[PDB]
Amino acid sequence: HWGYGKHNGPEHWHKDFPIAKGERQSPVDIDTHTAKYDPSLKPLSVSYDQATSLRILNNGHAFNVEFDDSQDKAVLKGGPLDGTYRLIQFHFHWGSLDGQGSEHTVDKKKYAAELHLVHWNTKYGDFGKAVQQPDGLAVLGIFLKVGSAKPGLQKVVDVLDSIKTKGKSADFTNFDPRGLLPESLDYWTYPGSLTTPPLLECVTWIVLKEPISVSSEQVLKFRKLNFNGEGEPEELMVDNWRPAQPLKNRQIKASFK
């Protein structure tokens, strides 16, 4: 099956998922000088006050913090979006070392990690229907750099020991994702894809300019997770990022001057 190794990593995914070589693949390098300021772009509206987290899952490629998406409780709108997108899950991508781990890059800079808050367009009714549409998802991407601790991340860090291996889940209620946001909601946006199989071209990407800081100890705990299942040979869950893909016929727009 697909993964992040020599024999099953990103350079192999096109064999099972030919859209890997498509016209709107993610992630991309954000060339800050070429991104055009678009005064028509609206402020992002992040409404997470009623978010209901339920569970955290090690799915063998990352860990997902899952939300109740059976009502408009945690929604993204505005920015480049038409209509309302409901939060379903967030997860991260990270490196074996602090000098790599992000999926998007900024003028070729790689951050230590990248947070993806995944939302689906309510006009398609369910996540599974939304991923079949070119405007089905909105993913809010936030870079992580290593420095000061992020206090709002620590509850996530401390549950990871309970989901070390693939297929383990734990109850994870009352987690407030507002504690993972930077101060500024300035962003870049472009049309792209899921960054893991099935690589569907269904995402409006919204990548925040301002990173969050996490401590070395916080990211070190991400790197103790395992790709393998319990009682299998230990393979540390590190370098679970897809590198930048060709921009092709796309424009990256900036919300800010």
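Counting begins at 1, following the sequence as shown.
- Relative to one another, 86-94 and 152-160 have unequal mean CA B-factors, and 152-160 is the one with the higher figure.
- Stretches 185-193 and 47-55 differ in mean CA B factor, with 47-55 having the higher one.
- Within the selection 64, 26, 204, 34, the deposited Cα B-factor values reach their highest point at 34.
- Per the deposited record, 220 carries the highest C-alpha B-factor of all listed residues (30, 212, 200, 220).
- For residue 225, the recorded CA B-factor ranks within the middle third of the chain. Only modelled residues enter the ranking.
- Remark: residue 114 belongs to the lowest third of its chain, ranked by C-alpha B-factor as recorded.
- Placement of the Cα temperature factor of residue 15 within the chain: highest third of the modelled residues, per the deposited record.
- Ranked within its chain, residue 76 lands in the middle third, by CA B factor from the PDB record.
- Per-chain ranking of the deposited C-alpha B factor places residue 143 in the lowest third.
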